[PDB]
Amino acid sequence: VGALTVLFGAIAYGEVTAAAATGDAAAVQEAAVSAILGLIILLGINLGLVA
Amino acid sequence: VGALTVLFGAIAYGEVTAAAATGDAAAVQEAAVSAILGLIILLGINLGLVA
Amino acid sequence: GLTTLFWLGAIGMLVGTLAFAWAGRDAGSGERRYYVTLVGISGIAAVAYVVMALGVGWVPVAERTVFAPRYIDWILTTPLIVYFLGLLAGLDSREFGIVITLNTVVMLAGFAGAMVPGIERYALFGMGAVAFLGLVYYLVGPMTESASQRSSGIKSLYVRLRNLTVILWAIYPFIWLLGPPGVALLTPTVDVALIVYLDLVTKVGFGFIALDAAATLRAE
Amino acid sequence: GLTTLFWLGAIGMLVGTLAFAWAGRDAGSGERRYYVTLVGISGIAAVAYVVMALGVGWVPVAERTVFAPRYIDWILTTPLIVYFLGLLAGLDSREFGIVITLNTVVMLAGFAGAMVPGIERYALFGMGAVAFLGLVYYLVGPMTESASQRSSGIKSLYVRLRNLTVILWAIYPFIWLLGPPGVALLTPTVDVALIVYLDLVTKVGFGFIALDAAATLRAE
Ligand SMILES: *C/C=C(C)/C=C/C=C(C)/C=C/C1=C(C)CCCC1(C)C
Ligand SMILES: *C/C=C(C)/C=C/C=C(C)/C=C/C1=C(C)CCCC1(C)C
Ligand SMILES: CCCCCCCCO[C@@H]1O[C@H](CO)[C@@H](O)[C@H](O)[C@H]1O
Ligand SMILES: CCCCCCCCO[C@@H]1O[C@H](CO)[C@@H](O)[C@H](O)[C@H]1O
């Protein structure tokens with residue numbers, strides 16, 4: 001679960017950075033909310049698997 | 001751990017949204033990377049507590 | 001990229017398919033169906049992922065991107081997962097028909113809803129959501145009761161696979177709602193990444209858990 | 001806001017302080033010191049958080065924001081946590097002196113480094129990091145050996161508190177490095193939020209775990 005979370009984080013970071021390269025604050029915000037919700041969901045998945 | 005993660009997420013989202021309100025892509029990126037790393041660290045904390 | 005994630009999903013499913021096929025090479029007449037079913041579950045998923053990895057079935061519509069192969073995969077593989085669970089529980093034809101029917105409504109609903117622009121897609125989601133609760137009821141109730149009539153090992157395996165299934169399947173509708181099919185808060189990349197993870201666990205993870213119990217079941 | 005988080009930290013510490021104080025109202029002559037120590041740990045932290053909540057001690061320098069009360073708190077409370085662990089382990093003066101010395105270097109290093117602009121702050125971090133490894137060695141080695149000479153209940157409580165401490169304390173240096181004191185990838189808000197959580201667990205959580213074992217220790 002630990003390694004995967006970092007992997008997911010890297011992927012999410014990749015999107016945020018790509019969005020930033022455009023200079024559009026809105027695009028970065030979209031990628032960031034997606035990353036945040038995704039990480040939260042990832043916790044739900046990890047927790048369910050363990051249980 | 002579940003409720004806290006959502007609480008942390010809301011706080012992180014709050015920063016991303018505030019940053020977006022400025023229109024500066026760089027500011028949003030800063031808030032997003034912070035949110036991502038923070039959530040990853042939050043997992044580390046939660047996991048350590050459980051163990 | 002999306003293609004890289006799809007390839008990873010395909011590789012994961014292929015590894016699982018090969019493992020299950022090999023593991024069942026010398027399976028007895030009573031275990032046979034279980035191994036074959038597992039091969040079909042991950043095998044079909046492997047095809048779906050390869051198709052998507054090749055950039056086929058991508059439906060960028062209504063300002064969102066959904067993947068037809070994902071839903072077609074689900075429509076065909078989830079009923080096989082339910083069939084596997086049903087075999088362990090010892091269901092008869094009637095009971096199988098009930099859970100397969102419920103399962104099918106869930107999957108068809110998600111497929112149709114994902115392809116429908118506008119608020120009507122939430123009605124389709126609702127139909128699937130209700131059918132899903134009915135399916136969970138059967139898995140935790142009637143089917144668990146039925147499984148309790150079999151060996152301790154079978155009951156244990158059923159319960160283990162049942163829990164993994166109910167808990168993780170329950171997550172898919174939230175990803176559907178928050179992802180491209182719904183409000184689109186999750187980007188296609190994040191959406192696909194979460195589904196690749198869930199799919200591998202619900203199919204390959206599911207399979208290895210069964211493989212890991214095989215020896216114990218034979219011994220009892 | 002930062003002030004809201006600081007107030008939450010203050011409230012959490014106050015609740016803990018009051019709980020420990022009350023829980024120790026009728027403590028015996030041999031348990032007394034433990035309750036009093038816990039009160040001091042969360043009590044001092046409560047003051048630090050209130051001070052920061054009032055906007056005092058904020059050090060926005062070198063384009064980053066660090067909080068002096070945070071480090072002053074640590075310098076004064078972590079040695080009390082080590083003292084509590086040392087009491088359970090049954091250390092003598094010499095042994096106490098060793099771990100308190102190591103602990104102090106760690107905290108002074110983090111404080112000095114947080115207040116130093118430029119790469120030199122990483123040398124200070126290094127000094128603290130090395131001292132920390134020495135401290136962990138003592139907690140898991142010599143001190144665990146010493147604790148093993150006491151009752152089963154004390155050994156168990158020591159181990160439980162030791163594990164919580166080693167595992168969670170190990171996280172602080174990463175937050176220091178990734179946060180404002182270091183590369184500043186974490187914003188002040190996220191930095192403070194994580195520390196409030198860690199502080200409450202390492203002090204109040206730590207305390208409730210001890211309180212929860214008190215009755216068992218008396219009974220044995
Ligand atoms: C092999 C992949 C698996 C196990 C897929 C499972 C998918 C589900 C349990 C999907 C459920 C849905 C609902 C309950 C509501 C409507 C939308 C769906 C299809 C996402
Ligand atoms: C009550 C608060 C607690 C338990 C604080 C614990 C803080 C630490 C274990 C800090 C450790 C650090 C290092 C090991 C390296 C240098 C920087 C520090 C001070 C962040
Ligand atoms: C790959 C995982 C295989 C798990 C094997 C489960 C075997 C369940 O058990 C089998 O169920 C059959 C009914 O379908 C019976 O006819 C068999 O006698 C019985 O052993
Ligand atoms: C708030 C949590 C309190 C936990 C009580 C731990 C008590 C440890 O045990 C006590 O250690 C003393 C030495 O310091 C001895 O003198 C006492 O006889 C002994 O009971």
# chains A, B, ... in the order shown; residues from 1 in each chain; ligands from 1
call {"tool": "residues_near_ligand", "arguments": {"ligand": "ligand 1", "cutoff": "7 Å", "atoms": "only C-alpha atoms and all ligand atoms", "output": "MDAnalysis selection string"}}
result
chainID C and resid 74 77:78 106:107 109:111 125:126 128:129 132 169:170 172:173 176 199 202:203
call {"tool": "residues_around", "arguments": {"residues": "residue 40 of chain D", "least_positions_apart": "4", "cutoff": "10 Å", "atoms": "only C-alpha atoms", "output": "PyMOL selection string"}}
result
chain D and resi 17+20-21+35-36+44-46+76-77+80-81
call {"tool": "closest_residue", "arguments": {"among": "D:65, D:29, D:165, D:3", "to": "ligand 4", "atoms": "only C-alpha atoms and all ligand atoms"}}
result
D:29
call {"tool": "residues_near_ligand", "arguments": {"ligand": "ligand 3", "cutoff": "6 Å", "atoms": "only C-alpha atoms and all ligand atoms", "output": "JSON, numbers by chain"}}
result
{"C": [30, 31, 34, 35, 87, 88, 210, 211, 214]}
call {"tool": "calpha_fit_and_write", "arguments": {"fixed": "chain B", "moving": "chain A", "output": "PDB file with N, CA, C and O atoms, in the first residue's frame"}}
result
ATOM      1  N   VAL A   1      -8.949   7.295  11.142  1.00  0.00           N
ATOM      2  CA  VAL A   1      -8.036   7.620  10.054  1.00  0.00           C
ATOM      3  C   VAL A   1      -8.809   8.086   8.826  1.00  0.00           C
ATOM      4  O   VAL A   1      -8.381   9.000   8.123  1.00  0.00           O
ATOM      5  N   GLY A   2      -9.956   7.460   8.579  1.00  0.00           N
ATOM      6  CA  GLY A   2     -10.769   7.826   7.435  1.00  0.00           C
ATOM      7  C   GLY A   2     -11.310   9.242   7.494  1.00  0.00           C
ATOM      8  O   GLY A   2     -11.187  10.002   6.532  1.00  0.00           O
ATOM      9  N   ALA A   3     -11.915   9.603   8.619  1.00  0.00           N
ATOM     10  CA  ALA A   3     -12.478  10.938   8.782  1.00  0.00           C
ATOM     11  C   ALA A   3     -11.395  12.011   8.689  1.00  0.00           C
ATOM     12  O   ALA A   3     -11.583  13.040   8.037  1.00  0.00           O
ATOM     13  N   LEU A   4     -10.266  11.765   9.347  1.00  0.00           N
ATOM     14  CA  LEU A   4      -9.154  12.711   9.339  1.00  0.00           C
ATOM     15  C   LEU A   4      -8.622  12.952   7.930  1.00  0.00           C
ATOM     16  O   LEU A   4      -8.324  14.087   7.555  1.00  0.00           O
ATOM     17  N   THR A   5      -8.502  11.881   7.152  1.00  0.00           N
ATOM     18  CA  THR A   5      -8.005  12.001   5.788  1.00  0.00           C
ATOM     19  C   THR A   5      -8.907  12.926   4.983  1.00  0.00           C
ATOM     20  O   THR A   5      -8.430  13.722   4.171  1.00  0.00           O
ATOM     21  N   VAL A   6     -10.214  12.829   5.216  1.00  0.00           N
ATOM     22  CA  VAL A   6     -11.162  13.680   4.510  1.00  0.00           C
ATOM     23  C   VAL A   6     -11.020  15.107   5.018  1.00  0.00           C
ATOM     24  O   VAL A   6     -11.135  16.063   4.256  1.00  0.00           O
ATOM     25  N   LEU A   7     -10.765  15.243   6.314  1.00  0.00           N
ATOM     26  CA  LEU A   7     -10.586  16.558   6.914  1.00  0.00           C
ATOM     27  C   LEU A   7      -9.338  17.210   6.325  1.00  0.00           C
ATOM     28  O   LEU A   7      -9.355  18.380   5.946  1.00  0.00           O
ATOM     29  N   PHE A   8      -8.257  16.441   6.253  1.00  0.00           N
ATOM     30  CA  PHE A   8      -7.005  16.942   5.696  1.00  0.00           C
ATOM     31  C   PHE A   8      -7.235  17.318   4.239  1.00  0.00           C
ATOM     32  O   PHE A   8      -6.759  18.350   3.766  1.00  0.00           O
ATOM     33  N   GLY A   9      -7.975  16.468   3.534  1.00  0.00           N
ATOM     34  CA  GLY A   9      -8.265  16.724   2.136  1.00  0.00           C
ATOM     35  C   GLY A   9      -9.017  18.025   1.950  1.00  0.00           C
ATOM     36  O   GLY A   9      -8.727  18.791   1.033  1.00  0.00           O
ATOM     37  N   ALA A  10      -9.986  18.283   2.822  1.00  0.00           N
ATOM     38  CA  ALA A  10     -10.768  19.510   2.726  1.00  0.00           C
ATOM     39  C   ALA A  10      -9.861  20.722   2.920  1.00  0.00           C
ATOM     40  O   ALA A  10      -9.982  21.719   2.210  1.00  0.00           O
ATOM     41  N   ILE A  11      -8.952  20.631   3.887  1.00  0.00           N
ATOM     42  CA  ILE A  11      -8.021  21.722   4.164  1.00  0.00           C
ATOM     43  C   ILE A  11      -7.128  21.960   2.947  1.00  0.00           C
ATOM     44  O   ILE A  11      -6.932  23.101   2.521  1.00  0.00           O
ATOM     45  N   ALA A  12      -6.598  20.877   2.387  1.00  0.00           N
ATOM     46  CA  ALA A  12      -5.741  20.957   1.210  1.00  0.00           C
ATOM     47  C   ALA A  12      -6.515  21.551   0.035  1.00  0.00           C
ATOM     48  O   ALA A  12      -5.998  22.394  -0.698  1.00  0.00           O
ATOM     49  N   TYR A  13      -7.754  21.104  -0.145  1.00  0.00           N
ATOM     50  CA  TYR A  13      -8.594  21.615  -1.222  1.00  0.00           C
ATOM     51  C   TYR A  13      -8.798  23.115  -1.028  1.00  0.00           C
ATOM     52  O   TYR A  13      -8.764  23.891  -1.985  1.00  0.00           O
ATOM     53  N   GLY A  14      -9.005  23.515   0.222  1.00  0.00           N
ATOM     54  CA  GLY A  14      -9.202  24.921   0.526  1.00  0.00           C
ATOM     55  C   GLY A  14      -8.043  25.768   0.039  1.00  0.00           C
ATOM     56  O   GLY A  14      -8.249  26.872  -0.464  1.00  0.00           O
ATOM     57  N   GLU A  15      -6.823  25.254   0.182  1.00  0.00           N
ATOM     58  CA  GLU A  15      -5.635  25.983  -0.258  1.00  0.00           C
ATOM     59  C   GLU A  15      -5.557  26.062  -1.772  1.00  0.00           C
ATOM     60  O   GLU A  15      -5.242  27.110  -2.335  1.00  0.00           O
ATOM     61  N   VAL A  16      -5.813  24.937  -2.430  1.00  0.00           N
ATOM     62  CA  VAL A  16      -5.778  24.885  -3.886  1.00  0.00           C
ATOM     63  C   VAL A  16      -6.782  25.879  -4.469  1.00  0.00           C
ATOM     64  O   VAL A  16      -6.474  26.605  -5.413  1.00  0.00           O
ATOM     65  N   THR A  17      -7.981  25.903  -3.896  1.00  0.00           N
ATOM     66  CA  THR A  17      -9.032  26.797  -4.372  1.00  0.00           C
ATOM     67  C   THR A  17      -8.677  28.261  -4.149  1.00  0.00           C
ATOM     68  O   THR A  17      -8.932  29.102  -5.008  1.00  0.00           O
ATOM     69  N   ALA A  18      -8.088  28.565  -2.997  1.00  0.00           N
ATOM     70  CA  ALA A  18      -7.692  29.934  -2.692  1.00  0.00           C
ATOM     71  C   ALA A  18      -6.610  30.366  -3.677  1.00  0.00           C
ATOM     72  O   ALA A  18      -6.622  31.491  -4.180  1.00  0.00           O
ATOM     73  N   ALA A  19      -5.679  29.460  -3.957  1.00  0.00           N
ATOM     74  CA  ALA A  19      -4.596  29.744  -4.891  1.00  0.00           C
ATOM     75  C   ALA A  19      -5.151  29.980  -6.293  1.00  0.00           C
ATOM     76  O   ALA A  19      -4.671  30.846  -7.025  1.00  0.00           O
ATOM     77  N   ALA A  20      -6.166  29.203  -6.658  1.00  0.00           N
ATOM     78  CA  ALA A  20      -6.788  29.319  -7.973  1.00  0.00           C
ATOM     79  C   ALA A  20      -7.462  30.674  -8.156  1.00  0.00           C
ATOM     80  O   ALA A  20      -7.465  31.233  -9.251  1.00  0.00           O
ATOM     81  N   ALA A  21      -8.030  31.199  -7.076  1.00  0.00           N
ATOM     82  CA  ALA A  21      -8.716  32.486  -7.115  1.00  0.00           C
ATOM     83  C   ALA A  21      -7.805  33.642  -7.524  1.00  0.00           C
ATOM     84  O   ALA A  21      -8.288  34.738  -7.813  1.00  0.00           O
ATOM     85  N   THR A  22      -6.496  33.406  -7.549  1.00  0.00           N
ATOM     86  CA  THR A  22      -5.556  34.458  -7.926  1.00  0.00           C
ATOM     87  C   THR A  22      -5.282  34.442  -9.425  1.00  0.00           C
ATOM     88  O   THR A  22      -4.972  35.476 -10.019  1.00  0.00           O
ATOM     89  N   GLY A  23      -5.392  33.264 -10.031  1.00  0.00           N
ATOM     90  CA  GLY A  23      -5.145  33.143 -11.457  1.00  0.00           C
ATOM     91  C   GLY A  23      -3.698  32.819 -11.766  1.00  0.00           C
ATOM     92  O   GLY A  23      -3.297  32.773 -12.929  1.00  0.00           O
ATOM     93  N   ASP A  24      -2.910  32.590 -10.720  1.00  0.00           N
ATOM     94  CA  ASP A  24      -1.498  32.271 -10.881  1.00  0.00           C
ATOM     95  C   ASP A  24      -1.298  30.759 -10.870  1.00  0.00           C
ATOM     96  O   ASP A  24      -1.438  30.117  -9.829  1.00  0.00           O
ATOM     97  N   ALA A  25      -0.971  30.198 -12.031  1.00  0.00           N
ATOM     98  CA  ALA A  25      -0.763  28.760 -12.163  1.00  0.00           C
ATOM     99  C   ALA A  25       0.319  28.254 -11.215  1.00  0.00           C
ATOM    100  O   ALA A  25       0.212  27.156 -10.672  1.00  0.00           O
ATOM    101  N   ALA A  26       1.358  29.060 -11.020  1.00  0.00           N
ATOM    102  CA  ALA A  26       2.459  28.690 -10.135  1.00  0.00           C
ATOM    103  C   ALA A  26       1.987  28.528  -8.692  1.00  0.00           C
ATOM    104  O   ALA A  26       2.399  27.597  -7.997  1.00  0.00           O
ATOM    105  N   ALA A  27       1.127  29.438  -8.243  1.00  0.00           N
ATOM    106  CA  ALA A  27       0.600  29.391  -6.883  1.00  0.00           C
ATOM    107  C   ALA A  27      -0.244  28.137  -6.677  1.00  0.00           C
ATOM    108  O   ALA A  27      -0.180  27.499  -5.625  1.00  0.00           O
ATOM    109  N   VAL A  28      -1.044  27.791  -7.682  1.00  0.00           N
ATOM    110  CA  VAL A  28      -1.884  26.605  -7.595  1.00  0.00           C
ATOM    111  C   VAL A  28      -0.999  25.368  -7.550  1.00  0.00           C
ATOM    112  O   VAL A  28      -1.253  24.451  -6.776  1.00  0.00           O
ATOM    113  N   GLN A  29       0.044  25.344  -8.373  1.00  0.00           N
ATOM    114  CA  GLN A  29       0.955  24.200  -8.396  1.00  0.00           C
ATOM    115  C   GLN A  29       1.615  23.984  -7.032  1.00  0.00           C
ATOM    116  O   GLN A  29       1.786  22.850  -6.585  1.00  0.00           O
ATOM    117  N   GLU A  30       1.994  25.078  -6.379  1.00  0.00           N
ATOM    118  CA  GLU A  30       2.631  25.000  -5.066  1.00  0.00           C
ATOM    119  C   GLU A  30       1.685  24.373  -4.047  1.00  0.00           C
ATOM    120  O   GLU A  30       2.076  23.491  -3.280  1.00  0.00           O
ATOM    121  N   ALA A  31       0.439  24.837  -4.049  1.00  0.00           N
ATOM    122  CA  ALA A  31      -0.574  24.331  -3.133  1.00  0.00           C
ATOM    123  C   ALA A  31      -0.902  22.866  -3.410  1.00  0.00           C
ATOM    124  O   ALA A  31      -1.182  22.103  -2.487  1.00  0.00           O
ATOM    125  N   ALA A  32      -0.854  22.478  -4.681  1.00  0.00           N
ATOM    126  CA  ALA A  32      -1.169  21.106  -5.077  1.00  0.00           C
ATOM    127  C   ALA A  32      -0.081  20.105  -4.705  1.00  0.00           C
ATOM    128  O   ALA A  32      -0.377  19.009  -4.232  1.00  0.00           O
ATOM    129  N   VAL A  33       1.175  20.471  -4.927  1.00  0.00           N
ATOM    130  CA  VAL A  33       2.272  19.573  -4.590  1.00  0.00           C
ATOM    131  C   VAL A  33       2.288  19.399  -3.075  1.00  0.00           C
ATOM    132  O   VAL A  33       2.538  18.309  -2.564  1.00  0.00           O
ATOM    133  N   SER A  34       2.008  20.487  -2.366  1.00  0.00           N
ATOM    134  CA  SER A  34       1.956  20.462  -0.911  1.00  0.00           C
ATOM    135  C   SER A  34       0.856  19.501  -0.469  1.00  0.00           C
ATOM    136  O   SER A  34       1.059  18.670   0.415  1.00  0.00           O
ATOM    137  N   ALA A  35      -0.309  19.611  -1.104  1.00  0.00           N
ATOM    138  CA  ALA A  35      -1.441  18.749  -0.770  1.00  0.00           C
ATOM    139  C   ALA A  35      -1.129  17.279  -1.037  1.00  0.00           C
ATOM    140  O   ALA A  35      -1.465  16.407  -0.236  1.00  0.00           O
ATOM    141  N   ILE A  36      -0.495  17.004  -2.170  1.00  0.00           N
ATOM    142  CA  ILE A  36      -0.156  15.631  -2.525  1.00  0.00           C
ATOM    143  C   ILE A  36       0.845  15.031  -1.548  1.00  0.00           C
ATOM    144  O   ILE A  36       0.617  13.944  -1.009  1.00  0.00           O
ATOM    145  N   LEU A  37       1.955  15.732  -1.320  1.00  0.00           N
ATOM    146  CA  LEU A  37       2.970  15.244  -0.390  1.00  0.00           C
ATOM    147  C   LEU A  37       2.376  15.106   1.005  1.00  0.00           C
ATOM    148  O   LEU A  37       2.674  14.157   1.725  1.00  0.00           O
ATOM    149  N   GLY A  38       1.534  16.065   1.380  1.00  0.00           N
ATOM    150  CA  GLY A  38       0.909  16.027   2.690  1.00  0.00           C
ATOM    151  C   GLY A  38       0.039  14.799   2.876  1.00  0.00           C
ATOM    152  O   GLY A  38       0.081  14.150   3.916  1.00  0.00           O
ATOM    153  N   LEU A  39      -0.766  14.481   1.866  1.00  0.00           N
ATOM    154  CA  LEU A  39      -1.631  13.314   1.943  1.00  0.00           C
ATOM    155  C   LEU A  39      -0.793  12.041   2.025  1.00  0.00           C
ATOM    156  O   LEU A  39      -1.132  11.114   2.761  1.00  0.00           O
ATOM    157  N   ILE A  40       0.309  11.998   1.281  1.00  0.00           N
ATOM    158  CA  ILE A  40       1.183  10.834   1.321  1.00  0.00           C
ATOM    159  C   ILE A  40       1.740  10.688   2.741  1.00  0.00           C
ATOM    160  O   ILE A  40       1.758   9.590   3.301  1.00  0.00           O
ATOM    161  N   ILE A  41       2.194  11.802   3.317  1.00  0.00           N
ATOM    162  CA  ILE A  41       2.732  11.793   4.677  1.00  0.00           C
ATOM    163  C   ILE A  41       1.636  11.377   5.657  1.00  0.00           C
ATOM    164  O   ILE A  41       1.889  10.637   6.607  1.00  0.00           O
ATOM    165  N   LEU A  42       0.416  11.848   5.418  1.00  0.00           N
ATOM    166  CA  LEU A  42      -0.703  11.508   6.287  1.00  0.00           C
ATOM    167  C   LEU A  42      -0.902   9.990   6.323  1.00  0.00           C
ATOM    168  O   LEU A  42      -1.273   9.427   7.356  1.00  0.00           O
ATOM    169  N   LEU A  43      -0.661   9.329   5.194  1.00  0.00           N
ATOM    170  CA  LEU A  43      -0.795   7.875   5.130  1.00  0.00           C
ATOM    171  C   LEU A  43       0.283   7.263   6.019  1.00  0.00           C
ATOM    172  O   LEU A  43       0.029   6.327   6.780  1.00  0.00           O
ATOM    173  N   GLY A  44       1.492   7.806   5.920  1.00  0.00           N
ATOM    174  CA  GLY A  44       2.586   7.312   6.735  1.00  0.00           C
ATOM    175  C   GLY A  44       2.245   7.425   8.209  1.00  0.00           C
ATOM    176  O   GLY A  44       2.503   6.507   8.987  1.00  0.00           O
ATOM    177  N   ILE A  45       1.660   8.554   8.596  1.00  0.00           N
ATOM    178  CA  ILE A  45       1.282   8.768   9.986  1.00  0.00           C
ATOM    179  C   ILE A  45       0.225   7.755  10.414  1.00  0.00           C
ATOM    180  O   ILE A  45       0.364   7.099  11.448  1.00  0.00           O
ATOM    181  N   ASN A  46      -0.831   7.633   9.612  1.00  0.00           N
ATOM    182  CA  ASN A  46      -1.910   6.706   9.922  1.00  0.00           C
ATOM    183  C   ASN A  46      -1.402   5.275  10.043  1.00  0.00           C
ATOM    184  O   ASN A  46      -1.704   4.586  11.018  1.00  0.00           O
ATOM    185  N   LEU A  47      -0.609   4.873   9.217  1.00  0.00           N
ATOM    186  CA  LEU A  47      -0.055   3.525   9.188  1.00  0.00           C
ATOM    187  C   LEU A  47       0.808   3.283  10.430  1.00  0.00           C
ATOM    188  O   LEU A  47       0.737   2.222  11.063  1.00  0.00           O
ATOM    189  N   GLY A  48       1.624   4.274  10.782  1.00  0.00           N
ATOM    190  CA  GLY A  48       2.475   4.133  11.948  1.00  0.00           C
ATOM    191  C   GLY A  48       1.661   3.986  13.221  1.00  0.00           C
ATOM    192  O   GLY A  48       1.980   3.168  14.083  1.00  0.00           O
ATOM    193  N   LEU A  49       0.602   4.780  13.334  1.00  0.00           N
ATOM    194  CA  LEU A  49      -0.278   4.737  14.498  1.00  0.00           C
ATOM    195  C   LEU A  49      -0.912   3.352  14.650  1.00  0.00           C
ATOM    196  O   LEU A  49      -0.897   2.755  15.734  1.00  0.00           O
ATOM    197  N   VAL A  50      -1.466   2.842  13.555  1.00  0.00           N
ATOM    198  CA  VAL A  50      -2.088   1.525  13.566  1.00  0.00           C
ATOM    199  C   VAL A  50      -1.112   0.437  14.001  1.00  0.00           C
ATOM    200  O   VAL A  50      -1.434  -0.387  14.858  1.00  0.00           O
ATOM    201  N   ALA A  51       0.082   0.444  13.416  1.00  0.00           N
ATOM    202  CA  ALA A  51       1.103  -0.550  13.733  1.00  0.00           C
ATOM    203  C   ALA A  51       1.578  -0.463  15.179  1.00  0.00           C
ATOM    204  O   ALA A  51       1.900  -1.484  15.797  1.00  0.00           O
TER     205      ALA A  51
END
call {"tool": "residues_around", "arguments": {"residues": "residue 48 of chain D", "least_positions_apart": "6", "cutoff": "8 Å", "atoms": "only C-alpha atoms", "output": "MDAnalysis selection string"}}
result
chainID D and resid 10 69:70 72:73
call {"tool": "residues_near_ligand", "arguments": {"ligand": "ligand 4", "cutoff": "10 Å", "atoms": "only C-alpha atoms and all ligand atoms", "output": "mmCIF file with C-alpha atoms, in the first residue's frame"}}
result
data_model
loop_
_atom_site.group_PDB
_atom_site.id
_atom_site.type_symbol
_atom_site.label_atom_id
_atom_site.label_comp_id
_atom_site.auth_asym_id
_atom_site.auth_seq_id
_atom_site.Cartn_x
_atom_site.Cartn_y
_atom_site.Cartn_z
ATOM 1 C CA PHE D 20 -4.301 13.258 32.968
ATOM 2 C CA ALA D 21 -4.524 15.603 35.972
ATOM 3 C CA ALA D 23 -6.924 10.607 36.298
ATOM 4 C CA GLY D 24 -4.024 11.031 38.706
ATOM 5 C CA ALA D 27 -2.663 8.068 42.254
ATOM 6 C CA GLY D 28 -0.419 6.199 44.671
ATOM 7 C CA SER D 29 3.045 7.355 45.724
ATOM 8 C CA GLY D 30 4.569 5.178 43.013
ATOM 9 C CA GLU D 31 2.323 6.251 40.134
ATOM 10 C CA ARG D 32 2.284 9.959 41.017
ATOM 11 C CA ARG D 33 5.337 11.021 38.977
ATOM 12 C CA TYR D 34 3.884 9.423 35.849
ATOM 13 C CA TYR D 35 0.647 11.427 35.954
ATOM 14 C CA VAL D 36 2.462 14.649 36.808
ATOM 15 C CA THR D 37 4.896 14.119 33.935
ATOM 16 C CA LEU D 38 2.007 13.619 31.488
ATOM 17 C CA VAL D 39 0.385 16.835 32.724
ATOM 18 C CA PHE D 84 8.512 8.990 31.281
ATOM 19 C CA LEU D 85 9.882 6.194 29.084
ATOM 20 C CA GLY D 86 13.012 6.117 31.229
ATOM 21 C CA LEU D 87 10.966 5.815 34.429
ATOM 22 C CA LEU D 88 9.093 2.820 33.020
ATOM 23 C CA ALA D 89 12.373 1.226 31.908
ATOM 24 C CA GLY D 90 13.903 1.752 35.348
ATOM 25 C CA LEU D 91 16.949 3.773 34.275
ATOM 26 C CA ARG D 150 10.450 -5.135 35.454
ATOM 27 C CA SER D 151 6.930 -6.581 35.576
ATOM 28 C CA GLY D 153 2.786 -5.151 32.547
ATOM 29 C CA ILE D 154 5.472 -2.468 32.699
ATOM 30 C CA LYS D 155 7.468 -4.163 29.942
ATOM 31 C CA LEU D 157 3.455 -0.663 28.396
ATOM 32 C CA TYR D 158 7.059 0.339 27.750
ATOM 33 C CA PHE D 206 0.725 8.564 24.368
ATOM 34 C CA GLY D 207 -0.923 9.634 27.629
ATOM 35 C CA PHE D 208 -4.238 7.857 27.140
ATOM 36 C CA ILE D 209 -2.398 4.646 26.324
ATOM 37 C CA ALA D 210 -0.641 4.958 29.685
ATOM 38 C CA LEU D 211 -3.896 5.802 31.492
ATOM 39 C CA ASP D 212 -5.528 2.753 29.877
ATOM 40 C CA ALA D 213 -2.859 0.480 31.382
ATOM 41 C CA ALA D 214 -2.831 1.954 34.905
ATOM 42 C CA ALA D 215 -5.494 -0.365 36.360
ATOM 43 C CA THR D 216 -3.774 -3.481 34.991
ATOM 44 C CA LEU D 217 -0.445 -2.378 36.458
ATOM 45 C CA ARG D 218 -1.998 -1.878 39.890
ATOM 46 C CA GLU D 220 -0.518 -7.274 38.925
#
